[PDB]
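Asks: Structure file final_26.cif (mmCIF, N, CA and C atoms) right here:
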```cif
data_input
loop_
_atom_site.label_atom_id
_atom_site.label_comp_id
_atom_site.auth_asym_id
_atom_site.auth_seq_id
_atom_site.Cartn_x
_atom_site.Cartn_y
_atom_site.Cartn_z
N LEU Z 22 133.21 93.77 73.00
CA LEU Z 22 133.80 94.79 72.08
C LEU Z 22 132.95 95.15 70.85
N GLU Z 23 131.68 94.72 70.82
CA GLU Z 23 130.62 95.39 70.03
C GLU Z 23 130.28 96.73 70.73
N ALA Z 24 130.57 96.79 72.03
CA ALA Z 24 130.60 98.04 72.80
C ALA Z 24 131.63 99.03 72.21
N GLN Z 25 132.84 98.54 71.95
CA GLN Z 25 133.89 99.29 71.25
C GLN Z 25 133.47 99.72 69.83
N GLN Z 26 132.76 98.87 69.09
CA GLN Z 26 132.21 99.25 67.78
C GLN Z 26 131.31 100.49 67.85
N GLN Z 27 130.50 100.63 68.90
CA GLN Z 27 129.73 101.87 69.11
C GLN Z 27 130.55 103.10 69.62
N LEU Z 28 131.86 103.15 69.29
CA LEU Z 28 132.67 104.41 69.11
C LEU Z 28 132.55 105.00 67.65
N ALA Z 29 131.79 104.30 66.83
CA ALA Z 29 131.06 104.88 65.72
C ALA Z 29 130.36 106.19 66.13
N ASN Z 30 129.88 106.30 67.36
CA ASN Z 30 129.23 107.55 67.77
C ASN Z 30 130.17 108.58 68.46
N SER Z 31 131.48 108.30 68.55
CA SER Z 31 132.45 109.31 68.99
C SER Z 31 132.49 110.45 67.90
N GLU Z 32 132.75 111.67 68.34
CA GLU Z 32 132.98 112.85 67.45
C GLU Z 32 134.41 113.12 67.55
N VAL Z 33 135.00 113.23 66.38
CA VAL Z 33 136.41 113.39 66.28
C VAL Z 33 136.68 114.75 65.53
N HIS Z 34 137.70 115.48 65.95
CA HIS Z 34 138.04 116.80 65.41
C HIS Z 34 139.27 116.74 64.51
N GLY Z 35 139.17 117.15 63.28
CA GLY Z 35 140.33 117.28 62.43
C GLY Z 35 140.61 118.72 62.00
N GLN Z 36 141.84 118.99 61.65
CA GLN Z 36 142.21 120.31 61.18
C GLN Z 36 143.30 120.28 60.19
N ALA Z 37 143.29 121.28 59.33
CA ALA Z 37 144.47 121.58 58.49
C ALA Z 37 144.88 122.99 58.58
N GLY Z 38 146.17 123.22 58.32
CA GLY Z 38 146.64 124.57 58.32
C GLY Z 38 146.72 125.21 59.70
N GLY Z 39 146.78 124.42 60.77
CA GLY Z 39 146.71 125.00 62.11
C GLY Z 39 145.40 125.66 62.52
N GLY Z 40 144.35 125.11 61.97
CA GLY Z 40 142.99 125.54 62.27
C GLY Z 40 142.36 126.35 61.16
N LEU Z 41 143.05 126.54 60.04
CA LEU Z 41 142.41 127.27 58.93
C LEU Z 41 141.11 126.57 58.43
N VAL Z 42 141.10 125.23 58.47
CA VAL Z 42 139.89 124.42 58.23
C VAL Z 42 139.84 123.44 59.33
N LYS Z 43 138.69 123.35 59.98
CA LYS Z 43 138.46 122.40 61.04
C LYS Z 43 137.23 121.61 60.62
N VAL Z 44 137.25 120.32 60.95
CA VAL Z 44 136.10 119.48 60.68
C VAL Z 44 135.78 118.62 61.94
N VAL Z 45 134.52 118.31 62.02
CA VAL Z 45 133.96 117.36 63.02
C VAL Z 45 133.29 116.19 62.30
N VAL Z 46 133.75 114.97 62.63
CA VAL Z 46 133.32 113.78 61.96
C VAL Z 46 133.00 112.73 63.04
N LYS Z 47 131.96 111.97 62.82
CA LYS Z 47 131.65 110.81 63.71
C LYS Z 47 132.60 109.64 63.43
N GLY Z 48 132.85 108.76 64.41
CA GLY Z 48 133.65 107.54 64.14
C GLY Z 48 133.14 106.74 62.93
N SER Z 49 131.83 106.83 62.73
CA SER Z 49 131.16 106.27 61.55
C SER Z 49 131.65 106.81 60.20
N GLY Z 50 132.27 108.01 60.18
CA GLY Z 50 132.66 108.64 58.92
C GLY Z 50 131.78 109.84 58.54
N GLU Z 51 130.61 109.92 59.15
CA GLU Z 51 129.65 110.95 58.84
C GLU Z 51 130.30 112.34 59.22
N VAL Z 52 130.34 113.27 58.27
CA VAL Z 52 130.87 114.59 58.51
C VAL Z 52 129.76 115.39 59.11
N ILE Z 53 129.95 115.91 60.31
CA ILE Z 53 128.94 116.72 60.89
C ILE Z 53 129.13 118.22 60.92
N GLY Z 54 130.36 118.70 60.85
CA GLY Z 54 130.57 120.13 60.74
C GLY Z 54 131.85 120.51 60.00
N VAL Z 55 131.86 121.69 59.40
CA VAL Z 55 133.05 122.15 58.77
C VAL Z 55 133.15 123.61 59.14
N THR Z 56 134.33 124.10 59.55
CA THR Z 56 134.48 125.46 59.97
C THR Z 56 135.66 126.06 59.22
N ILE Z 57 135.42 127.12 58.46
CA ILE Z 57 136.43 127.60 57.62
C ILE Z 57 136.78 129.01 58.11
N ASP Z 58 138.06 129.26 58.31
CA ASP Z 58 138.57 130.57 58.66
C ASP Z 58 138.46 131.55 57.48
N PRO Z 59 138.07 132.79 57.77
CA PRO Z 59 137.87 133.79 56.71
C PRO Z 59 139.10 134.01 55.87
N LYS Z 60 140.29 133.78 56.44
CA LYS Z 60 141.52 134.06 55.65
C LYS Z 60 141.58 133.30 54.34
N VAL Z 61 141.17 132.04 54.33
CA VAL Z 61 141.18 131.23 53.17
C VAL Z 61 139.95 131.26 52.27
N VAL Z 62 138.99 132.11 52.59
CA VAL Z 62 137.84 132.26 51.76
C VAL Z 62 138.15 133.34 50.74
N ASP Z 63 139.03 133.02 49.80
CA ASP Z 63 139.51 133.99 48.84
C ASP Z 63 139.31 133.43 47.45
N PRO Z 64 138.50 134.11 46.65
CA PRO Z 64 138.14 133.56 45.35
C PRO Z 64 139.30 133.54 44.32
N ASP Z 65 140.40 134.19 44.63
CA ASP Z 65 141.61 134.13 43.81
C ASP Z 65 142.47 132.92 44.17
N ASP Z 66 142.17 132.21 45.30
CA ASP Z 66 142.92 131.00 45.61
C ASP Z 66 142.01 129.89 46.17
N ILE Z 67 141.07 129.45 45.34
CA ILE Z 67 140.14 128.38 45.80
C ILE Z 67 140.92 127.13 46.02
N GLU Z 68 141.99 126.96 45.25
CA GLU Z 68 142.76 125.71 45.29
C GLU Z 68 143.23 125.39 46.71
N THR Z 69 143.77 126.41 47.36
CA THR Z 69 144.32 126.31 48.73
C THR Z 69 143.25 125.90 49.72
N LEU Z 70 142.10 126.53 49.58
CA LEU Z 70 140.90 126.19 50.39
C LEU Z 70 140.52 124.72 50.22
N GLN Z 71 140.40 124.28 48.97
CA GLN Z 71 140.08 122.91 48.68
C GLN Z 71 141.09 121.95 49.31
N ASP Z 72 142.38 122.23 49.11
CA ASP Z 72 143.41 121.39 49.70
C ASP Z 72 143.32 121.31 51.26
N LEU Z 73 143.00 122.44 51.88
CA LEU Z 73 142.84 122.42 53.34
C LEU Z 73 141.65 121.62 53.83
N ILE Z 74 140.57 121.59 53.04
CA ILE Z 74 139.42 120.80 53.40
C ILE Z 74 139.76 119.34 53.28
N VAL Z 75 140.39 118.94 52.19
CA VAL Z 75 140.81 117.56 52.06
C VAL Z 75 141.78 117.19 53.20
N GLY Z 76 142.75 118.05 53.45
CA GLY Z 76 143.71 117.89 54.54
C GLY Z 76 143.05 117.71 55.91
N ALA Z 77 142.06 118.53 56.24
CA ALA Z 77 141.34 118.43 57.49
C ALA Z 77 140.54 117.14 57.56
N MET Z 78 139.95 116.69 56.44
CA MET Z 78 139.27 115.38 56.39
C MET Z 78 140.24 114.24 56.62
N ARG Z 79 141.42 114.36 56.03
CA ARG Z 79 142.48 113.37 56.26
C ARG Z 79 142.93 113.28 57.70
N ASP Z 80 143.12 114.44 58.33
CA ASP Z 80 143.43 114.55 59.73
C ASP Z 80 142.40 113.85 60.60
N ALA Z 81 141.13 114.08 60.32
CA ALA Z 81 140.08 113.50 61.11
C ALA Z 81 140.10 112.01 60.94
N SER Z 82 140.28 111.57 59.71
CA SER Z 82 140.26 110.12 59.45
C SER Z 82 141.39 109.44 60.19
N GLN Z 83 142.56 110.07 60.21
CA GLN Z 83 143.69 109.53 60.93
C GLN Z 83 143.49 109.56 62.44
N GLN Z 84 142.74 110.54 62.95
CA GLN Z 84 142.31 110.56 64.35
C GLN Z 84 141.37 109.39 64.69
N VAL Z 85 140.42 109.10 63.82
CA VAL Z 85 139.44 108.08 64.08
C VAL Z 85 140.20 106.78 64.25
N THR Z 86 141.16 106.56 63.36
CA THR Z 86 142.02 105.39 63.36
C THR Z 86 142.90 105.31 64.61
N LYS Z 87 143.47 106.43 65.06
CA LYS Z 87 144.23 106.48 66.31
C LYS Z 87 143.34 106.15 67.53
N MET Z 88 142.11 106.69 67.60
CA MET Z 88 141.22 106.38 68.73
C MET Z 88 140.70 104.92 68.65
N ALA Z 89 140.54 104.39 67.42
CA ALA Z 89 140.14 103.00 67.22
C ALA Z 89 141.24 102.05 67.68
N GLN Z 90 142.50 102.35 67.34
CA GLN Z 90 143.65 101.67 67.95
C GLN Z 90 143.58 102.11 69.44
N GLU Z 91 142.60 101.57 70.16
CA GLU Z 91 142.46 101.65 71.61
C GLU Z 91 141.51 100.47 71.88
N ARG Z 92 142.07 99.26 71.71
CA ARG Z 92 141.33 97.99 71.68
C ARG Z 92 140.77 97.74 70.28
N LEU M 22 132.43 87.44 47.32
CA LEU M 22 132.01 88.84 47.65
C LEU M 22 132.95 89.62 48.59
N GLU M 23 134.15 89.09 48.86
CA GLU M 23 135.31 89.90 49.28
C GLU M 23 135.81 90.71 48.04
N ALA M 24 135.48 90.20 46.86
CA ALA M 24 135.60 90.93 45.60
C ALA M 24 134.73 92.20 45.63
N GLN M 25 133.47 92.06 46.04
CA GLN M 25 132.55 93.18 46.28
C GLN M 25 133.07 94.16 47.34
N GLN M 26 133.69 93.67 48.42
CA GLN M 26 134.32 94.55 49.42
C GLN M 26 135.38 95.47 48.81
N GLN M 27 136.17 95.00 47.84
CA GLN M 27 137.09 95.88 47.11
C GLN M 27 136.42 96.83 46.06
N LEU M 28 135.14 97.21 46.28
CA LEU M 28 134.51 98.50 45.83
C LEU M 28 134.75 99.68 46.84
N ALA M 29 135.44 99.35 47.93
CA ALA M 29 136.28 100.27 48.66
C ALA M 29 137.13 101.13 47.71
N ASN M 30 137.58 100.60 46.58
CA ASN M 30 138.38 101.41 45.66
C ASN M 30 137.56 102.11 44.54
N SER M 31 136.23 102.01 44.55
CA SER M 31 135.38 102.81 43.66
C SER M 31 135.53 104.32 44.10
N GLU M 32 135.42 105.22 43.13
CA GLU M 32 135.38 106.70 43.35
C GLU M 32 134.00 107.07 43.10
N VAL M 33 133.46 107.79 44.05
CA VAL M 33 132.09 108.17 44.03
C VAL M 33 132.03 109.74 44.05
N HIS M 34 131.10 110.32 43.30
CA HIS M 34 130.95 111.78 43.15
C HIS M 34 129.76 112.30 43.93
N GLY M 35 129.96 113.23 44.84
CA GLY M 35 128.85 113.89 45.49
C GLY M 35 128.78 115.38 45.19
N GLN M 36 127.60 115.95 45.33
CA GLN M 36 127.44 117.36 45.12
C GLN M 36 126.38 117.95 45.98
N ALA M 37 126.55 119.22 46.27
CA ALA M 37 125.45 120.03 46.83
C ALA M 37 125.23 121.28 46.08
N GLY M 38 123.99 121.77 46.17
CA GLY M 38 123.71 123.02 45.52
C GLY M 38 123.67 122.94 43.99
N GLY M 39 123.47 121.76 43.42
CA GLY M 39 123.57 121.64 41.97
C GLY M 39 124.94 121.85 41.34
N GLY M 40 125.93 121.49 42.11
CA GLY M 40 127.32 121.54 41.70
C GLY M 40 128.09 122.68 42.33
N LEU M 41 127.47 123.46 43.20
CA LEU M 41 128.23 124.53 43.86
C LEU M 41 129.44 123.98 44.67
N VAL M 42 129.27 122.78 45.26
CA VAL M 42 130.37 122.04 45.89
C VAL M 42 130.25 120.66 45.38
N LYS M 43 131.36 120.12 44.88
CA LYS M 43 131.43 118.77 44.40
C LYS M 43 132.55 118.10 45.18
N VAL M 44 132.35 116.83 45.48
CA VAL M 44 133.39 116.06 46.15
C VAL M 44 133.55 114.68 45.45
N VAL M 45 134.76 114.21 45.56
CA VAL M 45 135.15 112.84 45.14
C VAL M 45 135.68 112.06 46.34
N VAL M 46 135.05 110.89 46.61
CA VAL M 46 135.34 110.11 47.77
C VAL M 46 135.49 108.65 47.31
N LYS M 47 136.43 107.95 47.89
CA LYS M 47 136.55 106.47 47.65
C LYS M 47 135.46 105.71 48.42
N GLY M 48 135.07 104.51 47.95
CA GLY M 48 134.11 103.68 48.73
C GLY M 48 134.56 103.48 50.19
N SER M 49 135.87 103.47 50.37
CA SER M 49 136.50 103.44 51.69
C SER M 49 136.14 104.61 52.62
N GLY M 50 135.68 105.75 52.06
CA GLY M 50 135.42 106.94 52.87
C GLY M 50 136.46 108.05 52.67
N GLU M 51 137.61 107.68 52.14
CA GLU M 51 138.70 108.60 51.96
C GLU M 51 138.23 109.73 50.96
N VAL M 52 138.35 110.98 51.36
CA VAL M 52 137.99 112.10 50.52
C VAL M 52 139.18 112.38 49.65
N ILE M 53 139.03 112.30 48.35
CA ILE M 53 140.11 112.60 47.48
C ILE M 53 140.12 113.93 46.75
N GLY M 54 138.96 114.54 46.55
CA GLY M 54 138.95 115.87 45.98
C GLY M 54 137.76 116.71 46.41
N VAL M 55 137.93 118.03 46.39
CA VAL M 55 136.83 118.88 46.70
C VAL M 55 136.91 120.00 45.69
N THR M 56 135.80 120.40 45.06
CA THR M 56 135.82 121.41 44.04
C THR M 56 134.75 122.44 44.39
N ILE M 57 135.15 123.69 44.58
CA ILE M 57 134.25 124.64 45.07
C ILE M 57 134.06 125.69 43.96
N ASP M 58 132.83 125.99 43.63
CA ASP M 58 132.48 127.04 42.69
C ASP M 58 132.76 128.43 43.28
N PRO M 59 133.30 129.32 42.46
CA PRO M 59 133.67 130.66 42.94
C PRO M 59 132.51 131.42 43.54
N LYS M 60 131.28 131.10 43.10
CA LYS M 60 130.13 131.88 43.63
C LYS M 60 130.01 131.83 45.15
N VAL M 61 130.25 130.68 45.75
CA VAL M 61 130.17 130.52 47.16
C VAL M 61 131.42 130.79 47.98
N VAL M 62 132.47 131.27 47.33
CA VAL M 62 133.66 131.63 48.03
C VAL M 62 133.53 133.09 48.42
N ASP M 63 132.64 133.36 49.37
CA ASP M 63 132.33 134.73 49.75
C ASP M 63 132.50 134.86 51.25
N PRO M 64 133.42 135.72 51.67
CA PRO M 64 133.75 135.79 53.09
C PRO M 64 132.62 136.41 53.97
N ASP M 65 131.61 136.99 53.36
CA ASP M 65 130.44 137.47 54.07
C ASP M 65 129.41 136.35 54.28
N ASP M 66 129.58 135.17 53.63
CA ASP M 66 128.67 134.06 53.89
C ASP M 66 129.40 132.71 53.94
N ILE M 67 130.29 132.59 54.91
CA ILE M 67 131.06 131.32 55.03
C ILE M 67 130.12 130.23 55.40
N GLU M 68 129.06 130.57 56.12
CA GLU M 68 128.13 129.57 56.64
C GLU M 68 127.57 128.69 55.52
N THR M 69 127.15 129.34 54.45
CA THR M 69 126.55 128.70 53.27
C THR M 69 127.53 127.73 52.62
N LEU M 70 128.75 128.20 52.48
CA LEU M 70 129.87 127.36 51.96
C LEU M 70 130.06 126.11 52.82
N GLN M 71 130.16 126.28 54.13
CA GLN M 71 130.30 125.18 55.04
C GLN M 71 129.15 124.18 54.89
N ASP M 72 127.92 124.69 54.90
CA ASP M 72 126.77 123.82 54.73
C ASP M 72 126.79 123.01 53.39
N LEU M 73 127.24 123.66 52.33
CA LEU M 73 127.35 122.95 51.05
C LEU M 73 128.40 121.86 51.03
N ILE M 74 129.50 122.06 51.78
CA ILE M 74 130.51 121.05 51.86
C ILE M 74 129.99 119.88 52.64
N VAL M 75 129.35 120.12 53.77
CA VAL M 75 128.76 119.03 54.52
C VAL M 75 127.71 118.30 53.65
N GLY M 76 126.85 119.07 52.99
CA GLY M 76 125.85 118.54 52.07
C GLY M 76 126.43 117.66 50.96
N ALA M 77 127.51 118.09 50.32
CA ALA M 77 128.17 117.32 49.29
C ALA M 77 128.79 116.05 49.85
N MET M 78 129.35 116.11 51.07
CA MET M 78 129.85 114.89 51.75
C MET M 78 128.73 113.92 52.05
N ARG M 79 127.59 114.46 52.47
CA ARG M 79 126.41 113.62 52.69
C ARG M 79 125.90 112.93 51.45
N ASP M 80 125.84 113.68 50.34
CA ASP M 80 125.51 113.16 49.05
C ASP M 80 126.41 112.01 48.64
N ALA M 81 127.70 112.17 48.82
CA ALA M 81 128.64 111.16 48.42
C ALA M 81 128.42 109.94 49.27
N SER M 82 128.23 110.14 50.55
CA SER M 82 128.07 109.00 51.46
C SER M 82 126.83 108.21 51.08
N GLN M 83 125.76 108.91 50.74
CA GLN M 83 124.55 108.25 50.32
C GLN M 83 124.70 107.54 48.97
N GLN M 84 125.55 108.07 48.09
CA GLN M 84 125.94 107.38 46.85
C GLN M 84 126.69 106.07 47.12
N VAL M 85 127.63 106.10 48.06
CA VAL M 85 128.45 104.95 48.35
C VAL M 85 127.53 103.83 48.77
N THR M 86 126.57 104.19 49.63
CA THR M 86 125.57 103.28 50.14
C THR M 86 124.65 102.73 49.05
N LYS M 87 124.21 103.58 48.11
CA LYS M 87 123.42 103.15 46.96
C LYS M 87 124.22 102.17 46.06
N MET M 88 125.51 102.45 45.79
CA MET M 88 126.32 101.54 44.96
C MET M 88 126.64 100.22 45.74
N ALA M 89 126.77 100.31 47.07
CA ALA M 89 126.98 99.13 47.92
C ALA M 89 125.75 98.24 47.91
N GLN M 90 124.56 98.82 48.03
CA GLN M 90 123.31 98.09 47.76
C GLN M 90 123.38 97.78 46.25
N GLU M 91 124.26 96.85 45.89
CA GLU M 91 124.36 96.22 44.57
C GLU M 91 125.14 94.93 44.92
N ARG M 92 124.43 94.02 45.61
CA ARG M 92 124.99 92.84 46.26
C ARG M 92 125.56 93.19 47.64
#
```
Please re-express this file's structure in structure tokens.
Replies:
Amino acid sequence: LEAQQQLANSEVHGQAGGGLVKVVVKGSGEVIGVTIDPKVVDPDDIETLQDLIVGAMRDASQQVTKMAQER
Amino acid sequence: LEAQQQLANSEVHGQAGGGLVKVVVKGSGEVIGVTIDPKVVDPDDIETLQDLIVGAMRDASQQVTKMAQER
């Protein structure tokens, strides 16, 4: 199960807002991509955008943990 | 040095672009804040914004590692 530890190299997908912000993160924690929907790229509401990015990171982290709870 | 392991609760600051995107992350990896400068909230260049967020996450991760290399 040092074999299981090398799910550090799994890519996990997180999202907030139903895909308004999507992120790709390695099991290691390394963030490899961020994809932002044009709807939330609005300079009159940066706050919402920021919250969705944090939310999508949280989603991914909780995914990593769910896939890790597999041995 | 299980005492040192509880630098999991340190807050570390990362940035890209000279502050265009700033992030706050716990030593644990948990992202707690993201702050985006209005200049890069431009729907004609989402790509740049995305790259800065990844860049700021990378910065923070490298900070966590630098502070961890302290015992």
Asks: For a quick check of understanding, using only C-alpha atoms, which of Z:45, Z:22, Z:28, Z:61 has the smallest distance to residue 79 (chain Z)?
Replies: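 Checking each candidate against residue 79 (chain Z), we get Z:45 as the closest.
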Asks: Mind telling me what the PyMOL selection byres ((chain Z and name CA) within 12 of (chain M and name CA)) catches here, as number ranges by chain?
Replies: Z: 42-46, 48-83, 85
Asks: Output as number ranges by chain all residues of region 28-89 of chain Z that backbone DSSP marks as strand (DSSP E or B).
Replies: Z: 32-37, 42-47, 52-57
Asks: How would you write, as a ChimeraX atom specification, the set of residues in chain Z that DSSP gives as helix (DSSP H, G or I)?
Replies: /Z:23-26,59-61,67-89
Asks: Can you work out the spacing between atom C of residue 34 (chain M) and atom C of residue 84 (chain M) in Å, to one decimal?
Replies: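 Separation between atom C of residue 34 (chain M) and atom C of residue 84 (chain M): 7.6 Å.
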Asks: Between CA of residue 25 (chain Z) and atom C of residue 90 (chain Z), what is the distance, to one decimal in Å?
Replies: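 Atom-to-atom, CA of residue 25 (chain Z) to atom C of residue 90 (chain Z), that is 10.3 Å.
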Asks: Please, what distance in Å, to one decimal, runs between atom C of residue 39 (chain Z) and CA of residue 88 (chain Z)?
Replies: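 For atom C of residue 39 (chain Z) relative to CA of residue 88 (chain Z), the distance reads 20.7 Å.
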